[PDB]
Structure formats: structure tokens, C-alpha cells
């Protein structure tokens, strides 16, 4: 869209010669939208003379002169603008390394010998080391049959749990028990061969590039009106972005400036301060990657049932010998990954996997240019770039292509396309997949809107689509759909509208979806009454 278009006398005072150079320019301010991938509209700046060196018309030299390229002839300077896919890239800062799944190994020594002392040189589990220095509390812990447990197991069965499932019965091995050598167990902390590096994510940065194609005419162009045959011209592509928000033509006929983007209506996911878990090595494979909130972790390794739970946490756990094997070792990377695989299967969105933003596919993040240790997300909310073009021309006009369209498909699917037709209310979300077609002979821009929805359907923001002539396109990633009630519904409705480049509806369709009632965490029953 064109914000402003008009004439301005722009003067420049030279820094070294103090001389003032004034020239009237056509100043255009326009927006370069998020999904503006095709050259579907152009700005035609009218020039009163061609091949002007200084940009000033009329010609100061004679056409009879072979060294005078300037011709007092009219032709338009055609300027089109596109934007590359927009990404929110988060800088990584390495914190620590985390094991996939620390595992407890239980030893039941035949000789009934168990050594877990802090000053023990030869313990049952052995010691761990770090650069030749012995790691504190890495020797594990020992457990033995309680005198009460031996009594209960001999004359019946002990109701108290033993971590290693020891048989405390006197008759299980009476010779050793009699002389004090009661059944014993060793509890060693071992690590999975797979380790993960943890990187804290910084603040998002919008990353894109705007390409301005400038067709500079060298000669003029050779009841229903049609577009004039193109003038012999010289193409030139200029690039703008947050890194380089400035650019000028070689002729310096055109000068562009990236002012900045307007604010996004839907904020970016709050993932700064989270810890990105990347697999340690034995194109970038972000499939196994996870992004975890700091509450899910134990940085110092001193806390149980957390990502990073270490030797001290495991060794000194309250009533450790009376707990079940692998207690203290829940909520590890392997557990969380598996809990998420379970969630996807239940039509729910993962909490830890990095695909919880894309909507299922790992393939969408792959198209990102960043290095092996980079993380970014596709931006779907509109982020309108204000660009200001300053041209040495008489005037300007806007020439927009308007091809009609048709919605060829629309469905509400679950995460990772588990099933289409609807999703679980409030405990899950749906994904609006839409297939559209350009039914014209020209590349054109379109707007997909979801509105006039049934009760308690969260508003969905619109989507921009640049579709090639006669070609088919789809929304990637799809639109997120949430309901604001926990009830089961057979046919919740929404109108899916397809607007052309001029703001007229070319196609409309009613999208129907079901919701399954929210499956709340089931309350425990019983206890003291």
C-alpha cells in the first residue's frame, strides 16, 4: 500500500565546499508486507528525459554529440518491491551439558559387601572424575535389610518397600544373616551415551531482506486500454534490511530508505531465557532439539527429578532406600521427549519439542539461512515495513495486478496432522490449512481472512499471500485456532474469505469443525474420610 506520494525540494549542503545543491524529488512512502514474495505491483515514475547523468531534465548536452547519451524523451522508471521470508532469530549462549537419561544401576553383591563412604578409596559403584579430580558424592549409596524388615519377611511378608527388592527373609540365606551379613544393595548413577548441550536463548531479532527492482529506461516504449509495451530498460536490484537500511541506484535516480516495521498484532512466543537443548555430535537437523523453561532444570545438579539432576541429589535423597528404583531420576530429557510424543498422539501440542511453534513440521525451520547453532521461527503475524523512495522524476503512478481467486480447500487439523475435522477444546488447538488458486493470467496478491465465527472462537489474524499466475498456493505454516469454552461441539463455524489485491472478495467458504470436551486431569478419590 502507498502511504504518501508527492513532491519535495530536497537540498544538500556539501560538507567540504559548503555549496547548496537543490533538486525537486518525488517522495513515496509505502509498506512492504510480510508475504510480499512476488513483483505483483509497480510504481511508474515519469521521466522527462532519458540517460541523464545528473538526474536533471531537460538535457544540458546536444543529441548530435556522440558523447551525449541524454535524450529529451519520456519513459517510466518502473519500481517493484518484494520481501524475503521473515524470521525471528534468537542468539544462543552456551550454559552447560545435560544427559539424555541418567540411569540407576542396582547391584546386589553376593559377598554382602557394600562401601559408600565419602573417604572410601574403593567403593562398590566406583568414583567419577573430572580432569583427574574425584567428583564429590559420585560413589552412589548403599542399602541394607532393616532388623524389623528381616523379622517381618521371616514370619510373614514386609509391607515396607526396599529400593533393590531385597528378600529379607532369614531362610533366603540363613548362614550369612545369622553372622550379621544381611542382604545389601548398591545404587550407582550411570549416564546414557547421548548428551545434550544447553544454550540460553537471547532476545528475538527480525531478519528479512527487501528487494527493490529498478527498471531504468534507456529509450521510449515502441474503448478498452492496455499496458504499454515495455521500454528498453536496464534492470537493477537494490537490497534493504535491518543490517543495511539504506540503498541508492547506480544512476542515483532512486534512493531508498527502510524506516522500520510497524508493531505485530500477535506478539512473538515468550521463549527468551529458555534453554535450547541441542544433541552433542558423535544441513542442520533441528528435529531432536528441545526448548525448556528454567524451572524444568537443575543447573547445579543438587535437585531431584529435574534436567541436570546429579550425584548429590541422587546420593542424599530422603528415605532413598525406601523409594522405588529410578526415584529422583524422573523428568529427564528422554522422559519429556516421550511425554511430548504421547501428547502429539492425543491430539495435544508438545510442551518441550521446538516443533510446538511450527504446528507439526520440522521442514519449515529448515529453509532458514543461519549456521549449525542458530535458532529462528517463521513469523506469521503481519510486520509491515515502511520504505521511503526518493526519485528525480516529474510524477508517479501505481500499477497493481488484480487476478481473481478461488479457495480449493480448507480444513481444521490437529498438531502434526494427526487427524482433520477438529481438535480438543482448550487443552489443544486446531490448525486452519487453506489451499487457494490464482485464476488469472497475472501474478497477484490476496488476503485470507477467518471471521463471522460461532460462539467462543478466538479471533484469527488475516494472512497475506502472493500467488503466481494460474498457480496453487497454501498457508504455510497454517493458522492457529483456539476455542474459549470447554464443551464438545459437532459443528463450530467460521467464514474463510479470499480477498483480491483491490480489497474485493473473489471467493468465500464456510469452514466447519468439531471440538472434543476438555479432558481434565482426573482427581484422586479415597484417602481419609
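Numbering follows the first chain given and starts at 1.
Deposited sequence between residue 282 and residue 283: 10 or more residues lack coordinates. Count the deposited residues lacking coordinates between residue 222 and residue 223 and you get 10 or more of them. The question of which stretch, 143 to 151 or 386 to 394, has the higher mean Cα B factor is settled in favour of 143 to 151.
Two stretches are in play, 442 to 450 and 173 to 181, and the higher mean C-alpha B-factor belongs to 173 to 181.
Comparing the C-alpha B-factors of 402, 78, 306, 134 in the entry, the top value falls on 134. Between the residues 273, 364, 243, 374, the entry's highest C-alpha temperature factor is the one at 364. In the PDB entry, residue 334 places in the lowest third of its chain by CA B-factor.
Residue-level temperature factors show residue 120 in the highest third of its chain, judged at the C-alpha atom. Remark: residue 109 belongs to the highest third of its chain, ranked by C-alpha B-factor as recorded. Sort the modelled residues of the chain by CA B factor and residue 167 lands in the highest third. Split the chain's modelled residues into thirds by C-alpha temperature factor. Residue 44 is in the middle one.
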